[PDB]
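Topology and contacts: notes
Chain by chain, the residues run as shown.
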Amino acid sequence: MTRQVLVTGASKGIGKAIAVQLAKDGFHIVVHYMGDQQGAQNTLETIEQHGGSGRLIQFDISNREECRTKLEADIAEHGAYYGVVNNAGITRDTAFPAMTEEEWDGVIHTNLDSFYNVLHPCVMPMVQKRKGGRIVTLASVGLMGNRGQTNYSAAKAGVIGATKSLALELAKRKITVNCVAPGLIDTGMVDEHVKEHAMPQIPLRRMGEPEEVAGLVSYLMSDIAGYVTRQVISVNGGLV
Amino acid sequence: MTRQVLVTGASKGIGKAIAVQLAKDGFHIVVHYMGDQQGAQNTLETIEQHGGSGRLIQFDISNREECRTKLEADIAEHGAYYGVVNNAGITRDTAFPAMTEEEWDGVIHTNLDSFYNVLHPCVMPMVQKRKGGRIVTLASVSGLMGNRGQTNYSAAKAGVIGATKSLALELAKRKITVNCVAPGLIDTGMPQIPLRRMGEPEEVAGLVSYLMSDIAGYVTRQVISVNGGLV
Amino acid sequence: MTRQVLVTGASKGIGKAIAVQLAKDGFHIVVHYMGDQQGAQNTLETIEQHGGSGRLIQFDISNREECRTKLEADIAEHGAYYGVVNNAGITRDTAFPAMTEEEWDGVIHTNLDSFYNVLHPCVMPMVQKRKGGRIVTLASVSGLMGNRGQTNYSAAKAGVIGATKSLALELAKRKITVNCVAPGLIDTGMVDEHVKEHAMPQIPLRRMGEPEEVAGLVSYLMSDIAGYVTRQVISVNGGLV
Amino acid sequence: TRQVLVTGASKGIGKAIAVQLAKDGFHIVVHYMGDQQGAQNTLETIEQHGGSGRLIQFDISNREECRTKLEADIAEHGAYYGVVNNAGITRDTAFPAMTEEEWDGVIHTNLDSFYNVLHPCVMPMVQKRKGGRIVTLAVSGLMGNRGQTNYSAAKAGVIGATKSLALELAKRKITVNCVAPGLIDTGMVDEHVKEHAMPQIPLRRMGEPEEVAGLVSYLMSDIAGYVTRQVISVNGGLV
């Protein structure tokens, strides 16, 4: 009966807004967090006070072994997830010639390897339950490239390509696979010089809110969105 | 403080499903038709059956002066639309070497010139109400990727995409989102589609519904595909 | 065997550069013009003076019947074209609310209807000659992402791209490739300078392109080794998009 | 006077590119990892037809080997004018069955490639102040796979890296583009793949390596200096 949705990074910002909204939609939210147990608990309590249901889960997304262990156990105990939302991390400009090995490797392995680390333990349980499903990845913002971000652009484009290929793979199981690509989102601590930097590039001349990303994820998660797959959809105020 | 949404081609198929879903969403639907009054009436009947509301309107999207006259009179009587859904459009499939003048022109006119004919009388009244707004055009996977026998249709729908993105840039400062919905193959009465089925009219309407919703206010200048994974 | 290539709008700028370069490549160029006869003869004289061959043709790409008559007569007399470069176009820039009927219609029916008006008389002869061929349409970055004050131009060029892809699919088995070239901002001379450096910061290369730089990509697509490139829209825009 | 590194030039597309770019007049650095026979023949063919070049060996998966060999080669001969970074061969694996090693290995070979080969080359190029050309090579467009999430992730990542680097080096008159071939007849193509793919290809034939090399030749050419940040597909209409 009940449909469970794992939301990574649901202790803060975009992941928290997604978790709250999907709980409102009726999904049993698995609120994931890395270190911030207080924030995850806050998310879950917000969910419960607005009439929904969920539970916490903890793992470090860059720790593949830990991801597998915690997810396989949570799944063995509670059943396969109907949905998996894989949220993104932050970026830091660095010009390619100046870029160090660690900057390249770290960006690639935190932003691209998390696709495998989080989704591999989750996909076949979802297939085996044969009730369809939903997978939604999120970009750091992937389609266009950006100065000083060859590593983050490679990672984000990689996620997009992995997402689309997996969409082709899982189409026959009635699991939709889509990527959401937000523009500049106001998550509460963004640099002023960042706002200053990009606001003229944004037709709507304003930052997006986390709830605005969550609305798009809520749509993709909904039953009527079952013919939408293999897509990367941007919520960026017209930036691109 | 009712919010009115014009839906062209709403007497049948995708247009009908959009009109019905948006009425369920709480919008007052202006059900447009050209000759299919019976279909339009059935749409409005269903709208009221679900507890919604709306009204009919008649014009030929290809007749620019008729469009302007009827739309401006409707806006005079009831106020400006909050949303416009530009859905009407025909196909005249054929090999390009065999394609006639009529087969080219009719497709361009009904599919692409309707952008100007329907939206031009509607934009400034929308802007002047200073309450934001929504414009959703309809294209096709054909417009994104090309398709044999559809040089005309692919041209017209790709053109709708380009016009839509431009208008998005123009109207963003009034908080009016402008987006385009590109359905794949829709069953309105197959091994190249990953989901291995045709789409349903309601599945197009669901995406139009999302775009018409208040929480979609930061999505603009987009062409979003509901196509089973074709592209 | 001589291969004829029609080049619309070849009296000036990009069309001229394409005509001159293709003549250098060895193609017999049909230099088309609408009103600018002297520019077209300038193009043909350049071609001739570097040892190439060509001939003029006149018609208005807006006038479908004139296009058909002139192209059918030229092809009846000289045989089917091997290549067609659909280059000619117009802009009528305006914000959408202020845009007139004629500013919308003129752009759609000159830039987008051109596809049918020029290519329909030319495709079946090309196919019938069973030698393969080349069709290259010219669009714009405006038709890829949209631009303020260009709902009409963006629509027409996006439409050109969609038609190009569909025709590519129809003709692929005929060994005719069909592609679209999308230039960025090209220095055609006398280009308005406010427009110019308003556009400079969007262009990574921090310069406008040269007509020869567009002609070089058309020249590549026209070449035999490009026979596996079709259904593509290729941008020459200094990294704009 | 203008040197071009061509990785994977011992065979197939890489060989075709090396041969053609040498006919265009570039001095080709013919790279190989294990296929020394093939690279020797690539260089010998170049020289027989009146061109010039030299061999270089390294494993593109070994960042250290790449850096040492490329820095040494550049120190002796000066920075490359062009770098062509070719792609490996694809493999089917359903995502559920895919192993840690299949994922990590494809990312490491097909994506980290970008850093391992290009990073030693970019700043020297910039410092020579003669402009330059970088071309990455993505096999794309096919339908009906049993899964290629890792290869498609790496190829999409290469495209993103390429476009971003294009943005960085635009000011330096260095163009950076990606070429995405369809199904190319390298002589080692599975019969099953030919059968399944051909009805999806409007041209109804595989491409020839020389048809990819012609597009690389165009991008390397001086007249192509206004083409940058692009992915250009040579695929017979596949997509």
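Residue labels reflect position in each chain's written sequence, counted from 1, rather than necessarily the entry's numbering. Residues lacking coordinates are not shown. Ligands are numbered from 1 and chains lettered from A, in the order in which they are written. Side-chain figures throughout are based on the complete set of non-hydrogen atoms in the structure, without hydrogens or water. Residues with missing side-chain atoms are left out of burial classes, side-chain pairs and their counts.

Per the PDB record, the structure was determined using X-ray crystallography to 2.0000 Å resolution.

1. Points about the sheet that holds strand β7 (residues 233–236) of chain C
Residues and elements named next belong to chain C. Taken together, 7 strands build an open sheet; the order of strands is β3-β2-β1-β4-β5-β6-β7 and the sheet is parallel. Of all the strands in the sheet, the pair left with one neighbour each is β3 (54–58) and β7. Across the sheet, the mean angle from the axis of one strand to that of its neighbour is 20°, orientation sign disregarded. Contacting β1 (4–7), β2 (28–33), β4 (83–86), β5 (133–138) and β6 (176–183), helix α1 (residues 13–25) crosses the sheet at an angle of about 170° to β1. A pair of strands is labelled paired if DSSP reports no fewer than 2 bridges between them. Secondary structure elements follow DSSP: runs of H or I no shorter than four residues count as helices, runs of E no shorter than two count as strands, and numbering proceeds from the N terminus. Lines fitted to C-alpha atoms define the axes here, with helix axes fitted over just the stretch in contact, and angles between the N-to-C directions of these axes take values from 0 to 180 degrees. Between two residues, a contact is recorded if the distance between any of their heavy atoms is within 4.5 Å.

2. Some words on a positive patch on the surface
Taken together, the side chains of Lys 129, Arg 130, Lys 131, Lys 172 and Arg 173 of chain A together with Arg 196 of chain B define a basic patch exposed on the protein surface. Considering the arrangement of structural elements, one finds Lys 131 of chain A in the loop between α5 (113–129) and β5 (133–138). For patches, a residue must show more than 30% relative accessible area and have no salt bridge; joins then use 9 Å for like charges and 5 Å for nonpolar side chains, namely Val, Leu, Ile, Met, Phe, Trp and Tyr. Using the Shrake-Rupley algorithm and a 1.4 Å probe, accessible areas are obtained, with residue cover drawn only from the displayed protein chains. Criterion for a salt bridge: a side-chain nitrogen of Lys or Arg within 4 Å of a carboxyl oxygen of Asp or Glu. Charged-residue counts in this description rest on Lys and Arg as positive and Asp and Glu as negative, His and the chain ends being excluded. By convention, charge coordinates are those of NZ in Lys, CZ in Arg, CG in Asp, or CD in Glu.

3. Things to note about the sheet that holds strand β4 (residues 83–86) of chain B
Residue and element names in this part refer to chain B. The strand order across the open sheet formed by 7 strands is β3-β2-β1-β4-β5-β6-β7, and the pairing between neighbours is parallel. Two strands close off the open sheet at either side, each with one partner strand: β3 (53–58) and β7 (223–226). With direction set aside, neighbouring strand axes in the sheet form an average angle of 20°. Across 4 bridges, strand β6 (residues 176–183) lies against β7 in parallel orientation. Its bridge partner lying in β7, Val 181 is registered against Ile 224. Across the sheet, helix α1 (residues 13–24) is in contact with β1 (4–7), β2 (28–33), β3 and β4; its angle to β1 comes to roughly 170°. Against the sheet, helix α6 (residues 151–171) touches β5 (133–138), β6 and β7, its axis set at about 160° to β6.

4. Observations regarding the interface of chain C and chain B
Opposite the 42 residues of chain C that make contact, chain B presents 43 residues. Buried area between chain C and chain B, summed over both chains or domains, comes out near 3500 Å², and the portion from carbon and sulfur atoms is 57%. For any pair of parts, buried area is found by adding up, for both, the accessible area (1.4 Å probe) each one loses once the two are put together. For the chain C face of the interface with chain B, the top three residues by lost area are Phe 96, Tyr 116 and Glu 170 of chain C, together amounting to 20%. For the pair chain C and chain B, the number of links is 6 salt bridges. The residue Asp 105 of chain B makes a salt bridge to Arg 64 of chain C at a minimum N-O spacing of 2.8 Å. Each polar contact in these results corresponds to two N or O atoms within 3.5 Å; when the atoms are within protein, one needs to be able to donate a hydrogen and the other to accept it, and residues that are neighboring in sequence are counted only if both atoms are side-chain atoms. If you look at where chain C meets chain B, you find 32 residue pairs in polar contact. Among the secondary structure elements, those contributing two or more residues to the side of chain C that touches chain B are α3 (64–78), α4 (101–129), α5 (142–145) and α6 (151–171) of chain C. Classification convention: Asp, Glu, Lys, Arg as charged; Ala, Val, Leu, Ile, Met, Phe, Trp, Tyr, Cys, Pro as nonpolar; all other residues, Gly among them, as polar. Taken together, the residues of the side of chain C that touches chain B sort by class into 19 nonpolar, 13 polar and 10 charged.

5. A few points about the interface of chain D and chain C
Facing 32 residues of chain D, the contacting portion of chain C comprises 31 residues. Buried area between chain D and chain C, summed over both chains or domains, comes out near 2600 Å², and the portion from carbon and sulfur atoms is 64%. Counting the contacts that link chain D with chain C gives 0 salt bridges. Inspection of the region where chain D meets chain C yields 15 residue pairs in polar contact. Only α8 (209–220) and β7 (231–234) of chain D provide two or more residues apiece to the side of chain D that touches chain C.

6. A short note on empty space enclosed by the protein
With a 1 Å grid spanning the protein atoms alone, the term cavity applies to any set of points in which a 1.4 Å probe fits but cannot get out, the term pocket to an open set with protein on both sides within 12 Å along at least five of seven lines, and the term lining residue to any residue with an atom within 4 Å of a point. Grid points are joined across faces, edges and corners, and a volume is the space filled by probe spheres set on the points. In this structure, the largest cavity occupies an estimated 50 Å³ of space. Looking at the lining of the largest cavity, the elements that each hand over two or more residues are α4, β5 and α6 of chain C. With 3 residues, α4 of chain C is the largest single contributor of residues to the lining of the largest cavity. A breakdown of the residues in the lining of the largest cavity according to their chemical character gives 4 nonpolar, 4 polar and 1 charged. A volume near 40 Å³ is recorded for the second largest cavity. If you trace the second largest cavity, you find it lined by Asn 86, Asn 87, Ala 88, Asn 111, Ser 114, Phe 115, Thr 137, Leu 138, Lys 157 and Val 160 of chain B. The biggest single contributor to the lining of the second largest cavity is helix α4 (residues 101–128) of chain B, with 3 residues.

7. So, the layout of surface pockets
Estimated volume of the second largest pocket: approximately 380 Å³. Lining the second largest pocket are 18 residues, with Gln 21, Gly 215, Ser 218 and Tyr 219 of chain A together with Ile 215 of chain B sitting closest to its centre. In the lining of the second largest pocket, the residues fall into 7 nonpolar, 8 polar and 3 charged.

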